[PDB]
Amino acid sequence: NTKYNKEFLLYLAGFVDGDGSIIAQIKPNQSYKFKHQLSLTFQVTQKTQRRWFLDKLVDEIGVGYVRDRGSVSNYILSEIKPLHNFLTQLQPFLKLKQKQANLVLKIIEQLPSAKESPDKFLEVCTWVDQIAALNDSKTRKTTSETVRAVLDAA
């Protein structure tokens, strides 16, 4: 797998702790087996005027993309297995967001097996709670005990 330079990871770890975001979501979607999608997102926000910085991350991380949303842009990394590679090498240098990073890694490994059982699928949903608790969460809606609800009504 792609092995990133230490000096890059050190700088990048500091920037992510500043303006990055590591997100786990339970997305209500009827298309899905347990009526919910597990979504992981690594994200670095920056004012579009400085877009070049985010675009250079695409070059250096070697995967991911940049979306421009008006006056702000975001580098996005959603593909679950490059995510795993990248967060694995970054996680040792993160101070503020290390616990989130390690959970997202954990969820990724326990995700094939999260499709087998509603009991297991609930356990992983629990982990997502923990990630959102560690974040500066303000507008979250779908907890694991929301999944719990409509896994009983089924």
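When you see a residue number, it is the position in the sequence shown, counting from 1.
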*Check the entry's C-alpha temperature factors for 55-63 and 118-126, then say which stretch has the higher mean.*
118-126
*135-143 or 16-24, whichever carries the higher mean Cα B-factor*: 135-143
*Could you check 93, 86, 42, 34 and tell me which one carries the biggest Cα B-factor in the deposited entry?*
34
_Modelled-residue ranking by C-alpha temperature factor, third containing residue 30_ = highest
*residue 98: which third of its chain by C-alpha temperature factor?*
middle
